[PDB]
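Working notes, structure below.
What follows is calculated from the coordinates using simple rules that are stated; it is not laboratory data. Note that each Cβ is placed from the backbone with ideal geometry, even for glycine, and that neighbours are counted across all protein chains shown.
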2 protein chains.
Amino acid sequence: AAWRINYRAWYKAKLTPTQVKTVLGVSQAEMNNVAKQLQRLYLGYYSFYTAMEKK
Amino acid sequence: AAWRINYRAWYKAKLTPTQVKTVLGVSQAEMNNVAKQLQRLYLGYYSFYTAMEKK
């Protein structure tokens, strides 16, 4: 759909699959750091809420 | 830091940890879809490239 249009532009641009894999893997790594952030956000609030409630 | 300002706001808003966890959980699932879409993008290009190189 949108992706066939993507593949045609990548192919026109002389991209090989190896090249696309290395760039997309870096994107994927950045995405996965967002999961880590939402976890840290949650645990931080869990601790904050608990600390507020105690006092 | 930034987050601590969020926490004070969430706490003033009466959010509990259980409530935050479930809302963040659904958002987390959405982000997990992106990494998977990128893996699918890589895989679909490998197939498209491989097919184009057939001709």
Scanning segment B:22-31 for residues that are exposed (fewer than 14 other Cβ atoms within 10 Å of the Cβ) and of a type outside the set (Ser, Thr, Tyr), which turns out farthest from A:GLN39 (Cα to Cα)? B:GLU30
Find all pairs meeting these conditions: Cβ atoms under 8 angstrom apart; at least six residues apart or on different chains; first residue within segment B:34-55 and at the interface with chain A (Cβ under 7 Å from one of its Cβ atoms) and farther than 20 Å from A:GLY25 by Cα; second residue among the aromatic types (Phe, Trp, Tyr) and assigned to a helix (DSSP H, G or I). B:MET52/A:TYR11
